[PDB]
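Peer 1: One structure, as structure tokens, below. Some questions next.
Where a number appears in this text, it was derived from the coordinates with a stated rule and is not lab data. Backbone-built Cβ (ideal geometry, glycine too); neighbour counts: all protein chains shown.
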Amino acid sequence: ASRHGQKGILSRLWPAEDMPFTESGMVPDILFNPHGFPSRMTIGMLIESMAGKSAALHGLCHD
Amino acid sequence: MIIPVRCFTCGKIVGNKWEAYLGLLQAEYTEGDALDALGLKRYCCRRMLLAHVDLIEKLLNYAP
Amino acid sequence: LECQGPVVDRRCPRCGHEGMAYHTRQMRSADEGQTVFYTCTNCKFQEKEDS
Ligand SMILES: [Zn+2]
Ligand SMILES: [Zn+2]
């Protein structure tokens, strides 16, 4: 689960060379569906995603 | 508990960057430069050291 | 001594009116969804959608 109440069962452990690597060299760590969002409306998960990225890129800790 | 040897996402050896991280933070660096000056460039590695609560100094107090 | 709620521009199944008045109700568990109830403006045909 995340902290916005959106459980996800572990379905398949996908090997790392198959993961979509980014432009910065990073593979992801957990792939999450866009199809848990329109019915459940967790905007807080998107802002937590942007905020955790902007906090790990700066050393900060965000309120 | 204790710092993981490899970073979780991409396996950079980050286990040898914990005592030298506390050393940079006691020498008045900021955490945006104590993760820069250790060679942690991608935010999947900077995640691993910034957000790490070293939970074994509290755990070794209960020592025989 | 009405207007039956807010409208959304959705076509009715029977009469083909361009809008249907809607009302939400979270009828499932807290795990998933929000069940949306529709009601047409003219002929009052009520169907429900589960998302
Ligand atoms: Zn890494
Ligand atoms: Zn109708």
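Peer 1: Cross-link candidates for B:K41: which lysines have Cα within less than 17 Å, leaving aside residues fewer than 8 places away along the same chain?
Peer 2: A:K53, B:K12, B:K17
Peer 1: Here's something else I'd like to know. Can you pull the mean other chain C-beta count within 10 Å for peptide A:52-60?
Peer 2: Details: counts 3, 3, 1, 5, 12, 6, 7, 11, 4.
Per residue, the number of nearby Cβ atoms from other chains is 6 on average.
Peer 1: Return the sequence-ordered ³J(HN,Hα) values of the range B:19-29 in whole Hz as given by the Karplus equation 6.51 cos²θ - 1.76 cosθ + 1.60 applied to θ = phi - 60°, using x for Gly and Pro.
Peer 2: 6, 6, 7, 5, x, 6, 6, 6, 8, 6, 6
Peer 1: Could you work out [θ]222 nm for chain A from helices alone, using -39500 (n - 2.57) per DSSP H run of at least four and dividing by all its residues? Round to the nearest 500 deg cm²/dmol.
Peer 2: On the way: 1 runs with 14 residues, N = 63.
Counting only the DSSP helices, I get -7000 deg cm²/dmol.
Peer 1: Also, I was wondering about something else. Mind listing the Cα extents of chain B along all three principal axes, in Å, largest one first?
Peer 2: Its Cα atoms span 41, 29, 16 Å along the three principal axes.
Peer 1: Now, a different point. Determine the relative contact order of chain A: mean sequence separation of Cα pairs under 8 Å and six or more apart, normalised by residue count, in whole percent.
Peer 2: Values: 20 pairs, mean separation 17.1, N = 63.
Once divided by the residue count of chain A, the mean separation gives 27 percent.
Peer 1: Loop only by DSSP, 13 or fewer other Cβ within 10 Å of the Cβ. Give me the GluC sites (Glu not before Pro) in the range B:10-43 that pass, ordered by residue number.
Peer 2: Details: sites: B:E19, B:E28, B:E31; in loops: B:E28, B:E31.
Of the GluC sites (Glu not before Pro), the ones in loops of the range B:10-43 whose Cβ has at most 13 other Cβ atoms within 10 Å are B:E28.
Peer 1: Over the Cα atoms, compute the radius of gyration (one decimal) and Dmax (the largest Cα-Cα distance, rounded to a whole number) for the protein assembly as shown, in Å.
Peer 2: For the protein assembly as shown, the Cα radius of gyration and maximum Cα-Cα distance read 25.2, 88 Å.
Peer 1: List the extent of the Cα atoms of chain C along each of their three principal axes, largest first, rounded to whole Å.
Peer 2: Rounded to whole Å, the extents work out to 46, 35, 14 Å.
Peer 1: Could I have the simple spin-label model distance between A:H4 and A:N33, label points 7 Å from Cα toward Cβ, reported in nm to one decimal?
Peer 2: 1.6 nm
Peer 1: Going by a ≥ b ≥ c, the root eigenvalues of the Cα gyration tensor, does chain A fall in the rounded group (a/c under 1.5), the prolate group (a/b larger than b/c) or the oblate group?
Peer 2: Details: a/c = 2.09, a/b = 1.04, b/c = 2.01.
Judged from the Cα gyration tensor, chain A comes out oblate (a/c at least 1.5, b/c at or above a/b).
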